[PDB]
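J.: Structure: model-v2.cif, mmCIF, C-alpha atoms.
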data_my_file
#
loop_
_atom_site.label_atom_id
_atom_site.label_comp_id
_atom_site.auth_asym_id
_atom_site.auth_seq_id
_atom_site.Cartn_x
_atom_site.Cartn_y
_atom_site.Cartn_z
CA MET A 83 -26.45 75.60 -40.71
CA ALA A 84 -27.52 79.21 -40.14
CA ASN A 85 -31.24 78.44 -40.34
CA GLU A 86 -30.79 76.69 -37.00
CA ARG A 87 -29.06 79.51 -35.13
CA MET A 88 -31.92 81.68 -36.37
CA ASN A 89 -34.66 79.40 -35.04
CA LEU A 90 -32.92 78.89 -31.70
CA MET A 91 -32.52 82.63 -31.12
CA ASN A 92 -36.08 83.54 -32.08
CA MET A 93 -36.90 80.47 -30.00
CA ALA A 94 -35.03 82.14 -27.15
CA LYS A 95 -36.50 85.62 -27.52
CA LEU A 96 -39.95 84.24 -26.79
CA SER A 97 -38.81 81.87 -24.05
CA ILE A 98 -37.02 84.82 -22.46
CA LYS A 99 -39.61 87.48 -23.26
CA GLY A 100 -42.54 85.43 -21.98
CA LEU A 101 -40.72 84.47 -18.78
CA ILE A 102 -39.49 87.95 -17.84
CA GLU A 103 -42.97 89.37 -18.43
CA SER A 104 -44.98 86.65 -16.69
CA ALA A 105 -42.50 86.63 -13.81
CA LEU A 106 -42.93 90.37 -13.26
CA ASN A 107 -46.71 90.31 -13.76
CA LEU A 108 -46.88 87.55 -11.13
CA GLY A 109 -44.74 89.28 -8.51
CA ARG A 110 -43.83 86.20 -6.47
CA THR A 111 -40.91 83.76 -6.21
CA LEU A 112 -41.11 81.12 -8.94
CA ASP A 113 -41.12 77.37 -8.26
CA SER A 114 -39.60 74.59 -10.36
CA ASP A 115 -43.04 73.51 -11.58
CA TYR A 116 -43.48 76.88 -13.32
CA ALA A 117 -44.19 76.11 -16.99
CA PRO A 118 -42.87 79.44 -18.35
CA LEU A 119 -39.66 78.91 -16.40
CA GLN A 120 -39.12 75.26 -17.30
CA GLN A 121 -39.80 76.08 -20.95
CA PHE A 122 -36.86 78.48 -20.74
CA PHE A 123 -34.40 75.81 -19.64
CA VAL A 124 -35.64 73.47 -22.36
CA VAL A 125 -34.59 76.14 -24.85
CA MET A 126 -31.52 77.27 -22.93
CA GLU A 127 -30.48 73.62 -23.03
CA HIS A 128 -30.96 73.19 -26.77
CA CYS A 129 -28.99 76.38 -27.46
CA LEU A 130 -26.02 75.06 -25.47
CA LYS A 131 -26.26 71.68 -27.18
CA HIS A 132 -26.26 73.02 -30.74
CA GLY A 133 -22.82 72.48 -32.24
CA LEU A 134 -21.29 70.32 -29.51
CA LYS A 135 -18.47 67.94 -30.41
CA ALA A 136 -17.11 64.76 -28.80
CA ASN A 144 -19.93 62.52 -22.56
CA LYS A 145 -20.16 65.83 -20.69
CA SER A 146 -22.60 67.22 -23.27
CA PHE A 147 -23.10 70.91 -22.49
CA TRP A 148 -21.83 70.29 -18.96
CA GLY A 149 -18.27 70.42 -20.25
CA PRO A 150 -18.37 74.04 -21.51
CA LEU A 151 -20.00 75.13 -18.25
CA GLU A 152 -17.07 73.78 -16.22
CA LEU A 153 -14.98 76.56 -17.76
CA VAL A 154 -17.09 79.35 -16.27
CA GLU A 155 -15.54 78.88 -12.83
CA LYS A 156 -12.06 79.59 -14.21
CA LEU A 157 -13.38 82.71 -15.94
CA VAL A 158 -15.78 83.93 -13.24
CA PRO A 159 -14.51 82.75 -9.80
CA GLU A 160 -17.88 83.84 -8.42
CA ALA A 161 -19.16 80.66 -10.09
CA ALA A 162 -16.76 78.29 -8.34
CA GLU A 163 -19.39 77.51 -5.69
CA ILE A 164 -22.38 76.40 -7.78
CA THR A 165 -19.98 74.48 -10.02
CA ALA A 166 -18.91 72.33 -7.06
CA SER A 167 -22.42 72.14 -5.59
CA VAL A 168 -23.79 70.13 -8.52
CA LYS A 169 -20.93 67.65 -8.26
CA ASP A 170 -21.21 67.03 -4.51
CA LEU A 171 -24.88 66.17 -4.99
CA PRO A 172 -25.82 62.46 -5.07
CA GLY A 173 -28.77 61.37 -7.19
CA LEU A 174 -27.25 63.43 -9.99
CA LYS A 175 -25.70 60.87 -12.34
CA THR A 176 -25.55 61.92 -16.01
CA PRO A 177 -23.35 64.91 -16.95
CA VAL A 178 -26.27 66.62 -18.66
CA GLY A 179 -27.81 66.44 -15.21
CA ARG A 180 -24.93 68.42 -13.73
CA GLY A 181 -25.61 70.84 -16.57
CA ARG A 182 -29.35 71.30 -16.10
CA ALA A 183 -28.68 71.64 -12.38
CA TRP A 184 -25.98 74.26 -12.96
CA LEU A 185 -28.19 76.54 -15.07
CA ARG A 186 -31.00 76.48 -12.51
CA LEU A 187 -28.57 77.55 -9.79
CA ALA A 188 -27.27 80.42 -11.90
CA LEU A 189 -30.84 81.56 -12.53
CA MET A 190 -31.08 81.83 -8.74
CA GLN A 191 -27.72 83.53 -8.22
CA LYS A 192 -28.97 86.00 -10.82
CA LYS A 193 -25.60 85.57 -12.53
CA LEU A 194 -26.60 83.30 -15.42
CA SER A 195 -26.25 86.19 -17.85
CA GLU A 196 -22.77 87.06 -16.58
CA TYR A 197 -21.41 83.53 -16.92
CA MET A 198 -22.69 83.19 -20.48
CA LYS A 199 -21.14 86.46 -21.63
CA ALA A 200 -17.93 85.32 -19.95
CA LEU A 201 -17.83 82.40 -22.40
CA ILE A 202 -18.69 83.95 -25.77
CA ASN A 203 -15.88 86.46 -25.20
CA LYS A 204 -13.61 83.43 -24.81
CA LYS A 205 -14.34 81.53 -28.02
CA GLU A 206 -10.70 80.46 -27.90
CA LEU A 207 -11.98 78.02 -25.27
CA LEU A 208 -15.41 76.98 -26.55
CA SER A 209 -13.76 75.89 -29.79
CA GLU A 210 -12.90 72.80 -27.74
CA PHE A 211 -16.52 71.76 -27.22
CA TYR A 212 -18.33 73.48 -30.09
CA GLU A 213 -17.96 73.24 -33.85
CA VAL A 214 -16.66 76.10 -35.97
CA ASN A 215 -20.07 77.78 -36.15
CA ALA A 216 -22.22 76.65 -33.23
CA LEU A 217 -24.82 79.01 -31.76
CA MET A 218 -22.25 79.77 -29.04
CA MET A 219 -19.58 80.61 -31.62
CA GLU A 220 -21.71 83.09 -33.59
CA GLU A 221 -23.84 86.25 -33.36
CA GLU A 222 -26.91 84.55 -31.88
CA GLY A 223 -24.65 83.50 -29.02
CA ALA A 224 -24.33 87.16 -28.07
CA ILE A 225 -27.89 88.31 -28.77
CA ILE A 226 -29.07 85.71 -26.26
CA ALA A 227 -26.30 86.38 -23.75
CA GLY A 228 -27.68 89.91 -23.63
CA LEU A 229 -31.32 88.89 -23.34
CA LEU A 230 -30.30 86.76 -20.35
CA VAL A 231 -29.73 90.02 -18.47
CA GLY A 232 -33.47 90.39 -18.08
CA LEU A 233 -33.63 87.17 -16.08
CA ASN A 234 -31.63 88.72 -13.24
CA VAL A 235 -34.96 89.99 -11.94
CA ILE A 236 -36.19 86.40 -11.72
CA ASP A 237 -36.50 85.14 -8.15
CA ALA A 238 -37.03 81.40 -8.56
CA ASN A 239 -36.36 78.66 -6.02
CA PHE A 240 -35.52 75.16 -7.24
CA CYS A 241 -35.34 72.06 -5.04
CA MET A 242 -32.22 69.90 -5.31
CA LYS A 243 -33.13 67.27 -2.70
CA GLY A 244 -34.41 66.52 0.81
CA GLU A 245 -34.53 63.62 3.28
CA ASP A 246 -36.58 63.02 6.44
CA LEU A 247 -36.09 59.47 7.74
#
When written as structure tokens, how does the structure in this file appear?
T.:
Amino acid sequence: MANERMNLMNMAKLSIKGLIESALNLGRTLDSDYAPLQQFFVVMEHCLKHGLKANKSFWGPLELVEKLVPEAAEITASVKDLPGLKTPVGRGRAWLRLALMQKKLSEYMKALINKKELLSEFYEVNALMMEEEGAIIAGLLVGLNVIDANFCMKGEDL
């Protein structure tokens, strides 16, 4: 099960590389409908799913971040107090996108890998988040702190 952590990482380098470059070559705030950006989350999602156990999906591991990095308490409670967001995976995809904005996504991730004694509750013995690739990516996520994207959560004019 190492041929998967290898694909995911080299499937993250591109997703991350391409985004950081395009984003900088564009020079303007990114919107949700930005292919290179959405493609990142698709991958970022898969990476966090790989190795999960027993349905909070990857939303469960993310709920730990607040206890580790208090600076994350806010966005963690902003996805909960947000109607229209049913599924847990939804609270997860919503969480990531907010971190991308806070430019703290990289910090939260690192805060987890260095606490495997906690992930072991949601991930198998050797999930991407429990191995080397989990760090290589946590470090590449530092280049996304220069990403100024703005995602829409909801709106109502009636």
J.: Here's the selection I'm unsure about, the PyMOL selection byres ((chain A and resi 207) around 12); applied to the file above, which residues does it give, as a list in words?
T.: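 Expected selection for the PyMOL selection byres ((chain A and resi 207) around 12) here is residues 149, 150, 151, 152, 153, 154, 156, 157, 200, 201, 202, 203, 204, 205, 206, 208, 209, 210, 211, 212, 213, 214, 218 and 219 of chain A.
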J.: Write the residues of the selection above to a file with C-alpha atoms, as a short mmCIF file (atom, residue, chain, number, x, y, z; two decimals), in the frame of the given file.
T.:
data_model
loop_
_atom_site.label_atom_id
_atom_site.label_comp_id
_atom_site.auth_asym_id
_atom_site.auth_seq_id
_atom_site.Cartn_x
_atom_site.Cartn_y
_atom_site.Cartn_z
CA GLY A 149 -18.27 70.42 -20.25
CA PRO A 150 -18.37 74.04 -21.51
CA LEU A 151 -20.00 75.13 -18.25
CA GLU A 152 -17.07 73.78 -16.22
CA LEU A 153 -14.98 76.56 -17.76
CA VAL A 154 -17.09 79.35 -16.27
CA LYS A 156 -12.06 79.59 -14.21
CA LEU A 157 -13.38 82.71 -15.94
CA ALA A 200 -17.93 85.32 -19.95
CA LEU A 201 -17.83 82.40 -22.40
CA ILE A 202 -18.69 83.95 -25.77
CA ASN A 203 -15.88 86.46 -25.20
CA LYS A 204 -13.61 83.43 -24.81
CA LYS A 205 -14.34 81.53 -28.02
CA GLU A 206 -10.70 80.46 -27.90
CA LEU A 208 -15.41 76.98 -26.55
CA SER A 209 -13.76 75.89 -29.79
CA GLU A 210 -12.90 72.80 -27.74
CA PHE A 211 -16.52 71.76 -27.22
CA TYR A 212 -18.33 73.48 -30.09
CA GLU A 213 -17.96 73.24 -33.85
CA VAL A 214 -16.66 76.10 -35.97
CA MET A 218 -22.25 79.77 -29.04
CA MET A 219 -19.58 80.61 -31.62
#
J.: Which residues fall under the PyMOL selection byres ((chain A and resi 126-128) around 10) in this file, as a short mmCIF file (atom, residue, chain, number, x, y, z; two decimals) with C-alpha atoms, keeping the file's coordinate frame?
T.:
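This went into out.cif:
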data_model
loop_
_atom_site.label_atom_id
_atom_site.label_comp_id
_atom_site.auth_asym_id
_atom_site.auth_seq_id
_atom_site.Cartn_x
_atom_site.Cartn_y
_atom_site.Cartn_z
CA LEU A 90 -32.92 78.89 -31.70
CA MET A 91 -32.52 82.63 -31.12
CA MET A 93 -36.90 80.47 -30.00
CA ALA A 94 -35.03 82.14 -27.15
CA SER A 97 -38.81 81.87 -24.05
CA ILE A 98 -37.02 84.82 -22.46
CA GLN A 120 -39.12 75.26 -17.30
CA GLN A 121 -39.80 76.08 -20.95
CA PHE A 122 -36.86 78.48 -20.74
CA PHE A 123 -34.40 75.81 -19.64
CA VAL A 124 -35.64 73.47 -22.36
CA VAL A 125 -34.59 76.14 -24.85
CA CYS A 129 -28.99 76.38 -27.46
CA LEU A 130 -26.02 75.06 -25.47
CA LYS A 131 -26.26 71.68 -27.18
CA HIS A 132 -26.26 73.02 -30.74
CA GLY A 133 -22.82 72.48 -32.24
CA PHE A 147 -23.10 70.91 -22.49
CA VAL A 178 -26.27 66.62 -18.66
CA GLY A 181 -25.61 70.84 -16.57
CA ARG A 182 -29.35 71.30 -16.10
CA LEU A 185 -28.19 76.54 -15.07
CA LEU A 217 -24.82 79.01 -31.76
CA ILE A 226 -29.07 85.71 -26.26
CA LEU A 230 -30.30 86.76 -20.35
#
J.: Residues near residue A:119, anyone? I mean within 9 Å using all atoms listed in the file, not counting same-chain ones fewer than 6 positions away, as a PyMOL selection string.
T.: chain A and resi 97-98+101+105+112-113+238
J.: Keeping C-alpha atoms for every residue in the selection just given, could you write it to a file as an mmCIF file, in the coordinates of the input?
T.:
data_model
loop_
_atom_site.group_PDB
_atom_site.id
_atom_site.type_symbol
_atom_site.label_atom_id
_atom_site.label_comp_id
_atom_site.auth_asym_id
_atom_site.auth_seq_id
_atom_site.Cartn_x
_atom_site.Cartn_y
_atom_site.Cartn_z
ATOM 1 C CA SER A 97 -38.810 81.870 -24.050
ATOM 2 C CA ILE A 98 -37.020 84.820 -22.460
ATOM 3 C CA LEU A 101 -40.720 84.470 -18.780
ATOM 4 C CA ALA A 105 -42.500 86.630 -13.810
ATOM 5 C CA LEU A 112 -41.110 81.120 -8.940
ATOM 6 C CA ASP A 113 -41.120 77.370 -8.260
ATOM 7 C CA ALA A 238 -37.030 81.400 -8.560
#
J.: Using the chain letters and numbers from this file, what does the PyMOL selection byres ((chain A and resi 233) around 9) select? Give the answer as a PyMOL selection string.
T.: chain A and resi 98+101-102+189+192-195+229-232+234-237
J.: With 3 Å added on each side, what axis-aligned box encloses every listed atom of stretch 196-215 of chain A? Give the centre and edge lengths in Å to one decimal, as AutoDock Vina command-line options.
T.:
--center_x -16.7 --center_y 79.4 --center_z -26.4 --size_x 18.1 --size_y 21.3 --size_z 25.6
J.: Rounded to one decimal, what separation in Å do you get between atom CA of residue A:245 and atom CA of residue A:117?
T.: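 Computing the Euclidean distance for atom CA of residue A:245 and atom CA of residue A:117 yields 25.7 Å.
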J.: Which residues, written as a PDB file with C-alpha atoms, in the frame of the given file, have at least one atom at most 7 Å from stretch 162-173 of chain A, with only C-alpha atoms counted and residues fewer than 6 positions away on the same chain left out?
T.:
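Written file, selection-v8.pdb:
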ATOM      1  CA  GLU A 152     -17.070  73.780 -16.220  1.00  0.00           C
ATOM      2  CA  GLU A 155     -15.540  78.880 -12.830  1.00  0.00           C
ATOM      3  CA  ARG A 180     -24.930  68.420 -13.730  1.00  0.00           C
ATOM      4  CA  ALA A 183     -28.680  71.640 -12.380  1.00  0.00           C
ATOM      5  CA  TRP A 184     -25.980  74.260 -12.960  1.00  0.00           C
ATOM      6  CA  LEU A 187     -28.570  77.550  -9.790  1.00  0.00           C
TER       7      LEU A 187
END
J.: From the list A:177, A:159, A:118, A:109, which residue is nearest residue A:96 when using all atoms listed in the file?
T.: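 Nearest to residue A:96: A:118.
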J.: Could you check how far atom CA of residue A:136 sits from atom CA of residue A:242, in Å to one decimal?
T.: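 Between atom CA of residue A:136 and atom CA of residue A:242 the gap works out to 28.4 Å.
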J.: For each of A:186, A:95, A:244, A:227, take the minimum atom-to-atom distance to residue A:114, counting all atoms listed in the file, then give the residue where this is smallest.
T.: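 The answer is A:186, which sits nearest to residue A:114.
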